[PDB]
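Chains as they are written, first to last, in this note's numbering: chain A, 20 to 601; chain B, 25 to 252; chain C, 1288 to 1498.
Quick reminder that beta carbons are idealized off the backbone N, C-alpha and C, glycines included.
First up is the structure itself, then whatever we jot down about it.
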Amino acid sequence: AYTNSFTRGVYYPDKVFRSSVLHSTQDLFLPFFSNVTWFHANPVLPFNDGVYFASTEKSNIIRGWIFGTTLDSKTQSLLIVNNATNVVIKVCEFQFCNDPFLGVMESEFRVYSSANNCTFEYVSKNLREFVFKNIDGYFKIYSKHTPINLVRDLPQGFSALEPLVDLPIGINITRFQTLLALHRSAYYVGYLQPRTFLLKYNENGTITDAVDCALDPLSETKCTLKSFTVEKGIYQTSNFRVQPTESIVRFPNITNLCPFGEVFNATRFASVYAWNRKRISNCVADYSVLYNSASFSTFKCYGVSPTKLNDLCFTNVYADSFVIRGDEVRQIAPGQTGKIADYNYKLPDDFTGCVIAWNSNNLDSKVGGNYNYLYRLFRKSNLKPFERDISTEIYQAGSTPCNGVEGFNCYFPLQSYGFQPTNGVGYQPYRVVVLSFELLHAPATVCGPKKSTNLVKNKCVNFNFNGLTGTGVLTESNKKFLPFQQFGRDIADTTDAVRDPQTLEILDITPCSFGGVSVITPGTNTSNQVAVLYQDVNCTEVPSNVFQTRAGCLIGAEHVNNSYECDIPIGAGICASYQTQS
Amino acid sequence: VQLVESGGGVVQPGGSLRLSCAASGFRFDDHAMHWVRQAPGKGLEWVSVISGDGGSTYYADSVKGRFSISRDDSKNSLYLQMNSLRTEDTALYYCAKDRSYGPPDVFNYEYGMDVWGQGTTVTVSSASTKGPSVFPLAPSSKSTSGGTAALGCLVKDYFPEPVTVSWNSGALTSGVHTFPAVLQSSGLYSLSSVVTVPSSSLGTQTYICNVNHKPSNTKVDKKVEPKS
Amino acid sequence: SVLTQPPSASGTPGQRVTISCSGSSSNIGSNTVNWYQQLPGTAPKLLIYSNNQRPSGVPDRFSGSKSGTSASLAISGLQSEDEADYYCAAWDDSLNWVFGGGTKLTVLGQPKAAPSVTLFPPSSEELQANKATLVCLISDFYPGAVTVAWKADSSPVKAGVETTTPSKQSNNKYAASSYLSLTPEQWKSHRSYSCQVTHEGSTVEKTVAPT
Ligand SMILES: *[C@@H]1O[C@H](CO)[C@@H](O[C@@H]2O[C@H](CO)[C@@H](O)[C@H](O)[C@H]2NC(C)=O)[C@H](O)[C@H]1NC(C)=O
Ligand SMILES: *[C@@H]1O[C@H](CO)[C@@H](O[C@@H]2O[C@H](CO)[C@@H](O)[C@H](O)[C@H]2NC(C)=O)[C@H](O)[C@H]1NC(C)=O
Ligand SMILES: *[C@@H]1O[C@H](CO)[C@@H](O)[C@H](O)[C@H]1NC(C)=O
Ligand SMILES: *[C@@H]1O[C@H](CO)[C@@H](O)[C@H](O)[C@H]1NC(C)=O
Ligand SMILES: *[C@@H]1O[C@H](CO)[C@@H](O)[C@H](O)[C@H]1NC(C)=O
Ligand SMILES: *[C@@H]1O[C@H](CO)[C@@H](O)[C@H](O)[C@H]1NC(C)=O
Ligand SMILES: *[C@@H]1O[C@H](CO)[C@@H](O)[C@H](O)[C@H]1NC(C)=O
Ligand SMILES: *[C@@H]1O[C@H](CO)[C@@H](O)[C@H](O)[C@H]1NC(C)=O
Ligand SMILES: *[C@@H]1O[C@H](CO)[C@@H](O)[C@H](O)[C@H]1NC(C)=O
Ligand SMILES: *[C@@H]1O[C@H](CO)[C@@H](O)[C@H](O)[C@H]1NC(C)=O
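As structure tokens, this is what we get:
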């Protein structure tokens, strides 16, 4: 079952005395006329932000609550109990029965089975309300005990709840339960939200009445005036603001295809020891289209996934290219050993680009053997990352400098691959392209294809036109820019037209319907009905009597054909009255 | 272009085995090889890979340290040595060829597994081996319906999985249906093979089930007749 | 490293059926997928490598998609020979090949057959053998979602029963079997037992009484 609170769950926000003073507060309250669960006699509930909790009986079936996140061991929880003696607050790590309770001989307490690591102890019909909240490691408890003249139904009325306890625990809470005394020989749960209330203080300092300032237009007016009686008139109470849904973002097509099509499709690559190195500049490089050219044999990157490179941007891209064996592709990797990855190429350990490699046995190898690819094997030291050595000096191995004539312990530094088409993979020619990116300080270079969503119209939207960020309704235009102008401005300098980069059409930008909200009341001493004016808003975009005026959209009043003396002035010749009531 | 395997059988937990796989139709220095196991009725589970061109091996994590794998291109073979088995290794084992060698670790983007073997069954346990116990399930009116009635033979409680029951030395092929053996909690298998035959022919002709257990040497013929 | 995929998919013969896989970042992030078809009993076939490349011999009804971290087979038009398991593979930088969970196919063509049930009590020699086994055979029930429950004189029983998974016959319908273990004194204890089978809501039961 569910039930309706009426005006319930008001607590004194803090100490500090006070008398007749319609004082205004912002806090966590139980909104007026709320949807409170009903329980009879129970299960694990949430907490999520404070709790209202009433209960009704003459016996005592409700014997405290249990709180926490897991209601077991492995994390801490609170336990608040009351046998026929008195209250027992306690904070340990427990092991709670999934259905914990206490009996009524009169032997009881099948509640838990563990009391480890206790960090806090304490020991020592009817309507009993409680408000539980938990802020900054303090667990606050307000309470009130009113006598009903019923037995177990939620009554109506006003009664403010006075603070009881304060516990500096530190405990996290996400769930709570209840405890009941069995048979061996009715309760509600509200939740609290951040509201703003207007409390009326007595001359002794007690809260006697309140106003929830977000219930209806009358209450928002009472809050705006800081009173409990509004006299006839018309009052500005707040503001409206048509919210914008979605948000398009469309840039221009792609010009500089960014020519990978000759670094991957060149007729003749470089050898490895004098490896090629291209530098790419300002272009539109689509990495996913490069990814599925559908012939590769290694596509591996370390700094970044390839598909999420389609929405970054860099300053400079280096693309090295060469040709090596089959069994040496494992050397083109960060932190390797072996000739290649130590003689004709070295990667740094914090690499970021993609290594790409594929087979080209049918193109670079030939019967008799293509011997035109040279690789270095002799060097007096290792190499830096991205170093390059194109010299051809005669290396001396031994102690004897031999001076330009080879023989024992001095050799030529370069050998040649013999690429024969009757070879197994492991001596076959593989072509290798290594990318690397850098972001030094440069203004703008190669970026990706900024996903340009579809352009919508006639809806308050959040838009971006290749840099122009804004909000508003977009509409087909009938102005004519000059064919180099992107957007138009008004006097007082606000963007009011744009040109769509892709289709090149002019679109006006009008703001989102906004304005004030006014409440028309005959006075609370006459009635509590209300009418509402949305000022200069078209009455079709507001969220009976909906009536359109030159002054806005009026809701809650009927339009008649008579004409009286003016009572409450709306505007543009229109007045309102409480006559025909309504 | 063919893949055969050998080496399976039954060992107790704690033993060891040597699986082998022989290939035909290509060289071994252009392809990597995989051992992939599969429990009966369940999905696949990769066990190990060796690259072509020598050695760079990898095992699955649950089989780490216990197993070993090598190849021999002098003989065109794979060896998978299994040590200290556990009871969760009862599976078929498949010898698969990976085109474009190099562990999938280095040669990304194109590995595949194109041609497969026929697999080899391996099961472990202490139940040892045992012979089947046979009963005849008589044709009855509770099995009879109109023109036909069913009779069969129940062969139960045996470990050594391959067992066969024929009807009349292989004569009747109509209605003869042997159902998949069932594995009990006791650890032994059991099955029942049944055949329908016209109800006018309850006892008339010969219906003798020939039970043969090949790992053992059990051969028994049991006649099935209507209930007394 | 788990490669979550649905356990079974369905569809009428003659339209497009998709099959998805979802791996995280070391699986499908920086690697490629394969797809493998396993007809019942045989060795698995290769279907798609390098996310969309069928090899020679795969017909032009299978495709392949890889989007960021998900993958998808797309069978364009089912037929009577595509009722199999389908697995997706990856590599996982974790240093271990991972496999999918598999997905059956359920052409859902054959009409709804009736599970023919047949029950047998323990034979006489088994009674003399100090044991007893009830035998419940199910056959010809083309849609294979059968389940079984066993009954002593009035109550259900849940101990001593073994149930085969359904197995496909030649006529491409299914068959199954279940066994009940009993001591002969319990066999004569209760006046009768029964095997009931439920199948698409429908139910058929058989019953036998000791002599
Ligand atoms: C940007 O690219 C789009 C396509 O990606 C171009 O679109 C076409 O626009 C013309 C209008 O002049 C149509 O007649 C064509 O049918 C469109 N093609 C398609 C496939 O829809 C667009 O023209 C490009 N931008 C510019 C300024 O040319
Ligand atoms: C190298 O050249 C080939 C041949 O032209 C390009 O392959 C084309 O790729 C596109 C992309 O899908 C296909 O639509 C064409 O059909 C392919 N061509 C042929 C003849 O089939 C390839 O794109 C080029 N390499 C790069 C990196 O662009
Ligand atoms: C409370 O919310 C539930 C949610 O479905 C609804 O069914 C019920 O009518 C609501 N009660 C009141 C009083 O609005
Ligand atoms: C009431 O419960 C508390 C919980 O520990 C216990 O300490 C106390 O002894 C109980 N009362 C009596 C009379 O035992
Ligand atoms: C909490 O209790 C557990 C088990 O009794 C123990 O291991 C742990 O040390 C305790 N916590 C502290 C802070 O001692
Ligand atoms: C409560 O739980 C949150 C979980 O988001 C955790 O971050 C926080 O540290 C916990 N509270 C304390 C005091 O540790
Ligand atoms: C409390 O308020 C009442 C009415 O507002 C007043 O009559 C009384 O004097 C005040 N003080 C008390 C009851 O001590
Ligand atoms: C205001 O209320 C008082 C008493 O309730 C009444 O006498 C008076 O007429 C009211 N004023 C108006 C304008 O209705
Ligand atoms: C409100 O919008 C509708 C729809 O375009 C229009 O017909 C109507 O005239 C607008 N309101 C006013 C006051 O013009
Ligand atoms: C007011 O008078 C006009 C005369 O043109 C008529 O059309 C309209 O319906 C009348 N309004 C009402 C509410 O009767």
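query: Do residue 215 of chain B and residue 202 of chain B have their C-beta atoms within less than 8 Å of each other?
result: For the purposes of this step, residue 215 of chain B is taken as residue 191 along the second sequence, with counting starting at 1. For the purposes of this step, residue 202 of chain B is taken as residue 178 along the second sequence, with counting starting at 1. The answer is yes: Cβ separation under 8 Å.
message: Buried or exposed for residue 57 of chain B, going by 16 or more other Cβ atoms inside 10 Å?
response: Counting from one through the second sequence, the residue named residue 57 of chain B turns up at place 33. Buried, by the Cβ-count rule.
field: Among A:361, A:55, A:302, A:452, the one whose alpha carbon lies nearest that of residue 211 of chain A
entry: Locating residue 211 of chain A in the first sequence gives position 192, counting from the first residue. Here the closest residue by C-alpha is A:55.
- prompt: Three or more C-beta pairs closer than 8 Å, one from the region 293-307 of chain A and one from the region 260-276 of chain A: is that the case here?
  reply: yes
query: Does the count of Cβ pairs from the region 150-160 of chain A and the region 188-204 of chain A closer than 8 Å reach three?
result: yes
- prompt: What residues of chain A sit near residue 124 of chain B, judged by a beta carbon separation below 8 Å?
  reply: For the purposes of this step, residue 124 of chain B is taken as the residue at position 100 of the second sequence. By Cβ distance, chain A contributes 316, 444.
task: Compare the beta carbon distance of residue 439 of chain A and residue 345 of chain A with 8 Å and say whether it is the shorter of the two.
output: To locate residue 439 of chain A, count along the first sequence from 1; it is residue 420. To locate residue 345 of chain A, count along the first sequence from 1; it is residue 326. No; because the gap between Cβ atoms is not below 8 Å, this pair is not in contact.
- prompt: In chain B, what lies closer than 7 Å to residue 319 of chain A by C-beta?
  reply: For the purposes of this step, residue 319 of chain A is identified with residue 300 of the first sequence, where counting begins at 1. 132, listed in chain order.
query: Just the Cα atoms here: how many angstroms apart are residue 81 of chain B and residue 127 of chain B?
result: As a first step, residue 81 of chain B must be located in the second sequence, where it is residue number 57. As a first step, residue 127 of chain B must be located in the second sequence, where it is residue number 103. Taking the straight line from one Cα to the other gives about 8 Å.
- request: List the residues that DSSP assigns as beta-bridge partners of residue 185 of chain A.
  value: Reading the first sequence from its first residue, position 166 is the one you call residue 185 of chain A. In the DSSP output, where bridge partners are listed per residue, residue 185 of chain A has A:159.
- request: Give the secondary structure of residue 207 of chain A by DSSP, where H, G and I count as helix, E and B as strand, and everything else as coil.
  value: As a first step, residue 207 of chain A must be located in the first sequence, where it is residue number 188. Three-state result, residue 207 of chain A: strand.
query: Any Cβ of chain B within less than 8 Å of the Cβ of residue 291 of chain A?
result: Taking the first residue of the first sequence as position 1, residue 291 of chain A is located at position 272. Chain B contact via Cβ: absent.
task: Pull up the DSSP beta-bridge partners for residue 377 of chain A, would you.
output: What you label residue 377 of chain A is simply residue 358 of the first sequence in a count that begins at 1. Looking at the DSSP assignment, residue 377 of chain A forms a beta bridge with A:450.
query: Straight-line CA distance for residue 91 of chain B to residue 108 of chain B?
result: Stepping through the second sequence from its first residue, residue 91 of chain B is reached at position 67. Stepping through the second sequence from its first residue, residue 108 of chain B is reached at position 84. Rounded to whole angstroms, residue 91 of chain B to residue 108 of chain B spans 9 Å at the Cα level.
query: Can you check whether the CB of residue 214 of chain A is closer than 8 Å to the CB of residue 65 of chain A?
result: On the first sequence, position 46 is the one that residue 65 of chain A refers to. On the first sequence, position 195 is the one that residue 214 of chain A refers to. No, these two residues do not count as a Cβ contact at 8 Å.
message: Pop quiz: residue 551 of chain A and residue 536 of chain A are said to be a contact at Cβ under 8 Å. What is the actual Cβ separation, rounded to whole angstroms?
response: Mapped onto the first sequence, residue 551 of chain A falls at position 532. Mapped onto the first sequence, residue 536 of chain A falls at position 517. About 7 Å; that satisfies the 8 Å criterion.
- prompt: Where does the unbroken beta strand (DSSP E) through residue 319 of chain A begin, and where does it stop?
  reply: Indexing the first sequence from 1 puts residue 319 of chain A at position 300. That run of the beta strand (DSSP E) goes 317-320.
- request: State yes or no: is the beta carbon of residue 356 of chain A nearer than 8 Å to at least one beta carbon in chain C?
  value: Here the question's residue 356 of chain A lines up with position 337 in the first sequence. False, the Cβ-Cβ gap to chain C never drops below 8 Å.
Check whether residue 33 of chain B and residue 206 of chain B have beta carbons under 8 Å apart: As a working note, residue 33 of chain B is residue 9 in the second sequence. As a working note, residue 206 of chain B is residue 182 in the second sequence. Contact flag unset, no.
message: Pop quiz: residue 500 of chain A and residue 525 of chain A are said to be a contact at Cβ under 8 Å. What is the actual Cβ separation, rounded to whole angstroms?
response: Translated into the one-based positions of the first sequence, residue 500 of chain A becomes position 481. Translated into the one-based positions of the first sequence, residue 525 of chain A becomes position 506. Right, the Cβ-Cβ distance comes to about 6 Å (below 8 Å), so this counts as a contact.
message: ligand 8 and residue 542 of chain A: does the residue's C-beta get closer than 7 Å to at least one heavy atom of that ligand?
response: As a working note, residue 542 of chain A is residue 523 in the first sequence. Yes, the Cβ of residue 542 of chain A comes within 7 Å of a heavy atom of ligand 8.
Residue 104 of chain A, DSSP secondary structure in three states: Here residue 104 of chain A is taken as the residue at index 85 of the first sequence, counted from 1. Coil.
- request: Quick one: which residues of the region 1414-1433 of chain C get their C-beta closer than 8 Å to a C-beta of chain B? List them in chain order.
  value: 1416, 1420, 1422, 1424, 1426
- prompt: Cβ of residue 112 of chain A within 7 Å of any heavy atom in ligand 5?
  reply: On the first sequence, position 93 is the one that residue 112 of chain A refers to. Between ligand 5 and the CB of residue 112 of chain A, the shortest heavy atom gap is smaller than 7 Å.
task: Could you tell me the distance, in whole angstroms, from the CA atom of residue 1461 of chain C to the CA atom of residue 1428 of chain C?
output: If you number the third sequence from 1, residue 1461 of chain C lands on position 174. If you number the third sequence from 1, residue 1428 of chain C lands on position 141. A direct Cα-Cα distance of roughly 6 Å separates residue 1461 of chain C from residue 1428 of chain C.
- prompt: Residues near ligand 1, CB to any non-hydrogen atom under 6 Å, in chain order?
  reply: A:272, A:521, A:523
- prompt: Would residue 1290 of chain C pass as a contact of residue 1385 of chain C if the rule is Cβ separation under 8 Å?
  reply: Here the question's residue 1290 of chain C lines up with position 3 in the third sequence. Here the question's residue 1385 of chain C lines up with position 98 in the third sequence. At a Cβ-Cβ threshold of 8 Å, residue 1290 of chain C and residue 1385 of chain C count as neighbours.
query: Thinking C-beta only, is residue 1365 of chain C closer than 8 Å to residue 1306 of chain C?
result: Mapped onto the third sequence, residue 1306 of chain C falls at position 19. Mapped onto the third sequence, residue 1365 of chain C falls at position 78. Not a contact, by the Cβ cut-off of 8 Å.
- prompt: Closer than 8 Å, CB to CB, is residue 113 of chain B near chain A or not?
  reply: Here the question's residue 113 of chain B lines up with position 89 in the second sequence. No, residue 113 of chain B does not count as interfacial toward chain A.
field: Those runs of the beta strand (DSSP E) which lie wholly inside the region 384-471 of chain A and span at least 3 residues
entry: 393-395, 433-435, 449-457
query: Skipping 5 residues on each side, what residues in its chain have a beta carbon closer than 6 Å to that of residue 200 of chain A?
result: Translated into positions along the first sequence, residue 200 of chain A becomes position 181. Result list for residue 200 of chain A: 80, 82, 121, 123, in chain order.
Residue interval of the alpha helix (DSSP H) (run including residue 240 of chain A): Within the first sequence, the letter at position 221 stands for residue 240 of chain A. Per DSSP, residue 240 of chain A belongs to the alpha helix (DSSP H) from 236-244.
field: Where the region 31-61 of chain B meets chain A: residues whose CB sits under 8 Å from a CB there
entry: 51, 53, 54
field: Interface residues of the region 1312-1333 of chain C facing chain B [CB-CB below 7 Å]
entry: Residues passing the 7 Å Cβ filter: 1318, 1319, 1321, 1330, 1331, 1333.
field: Backbone CA spacing between residue 451 of chain A and residue 458 of chain A [nearest angstrom]
entry: In the first sequence, residue 451 of chain A corresponds to position 432, counting from 1. In the first sequence, residue 458 of chain A corresponds to position 439, counting from 1. The straight-line gap from Cα to Cα measures roughly 24 Å.
query: Name the chain B residues that come within less than 9 Å of residue 349 of chain A, Cβ to Cβ?
result: Mapped onto the first sequence, residue 349 of chain A falls at position 330. Correct list: 80, 126, 127, 129, 130, 131.
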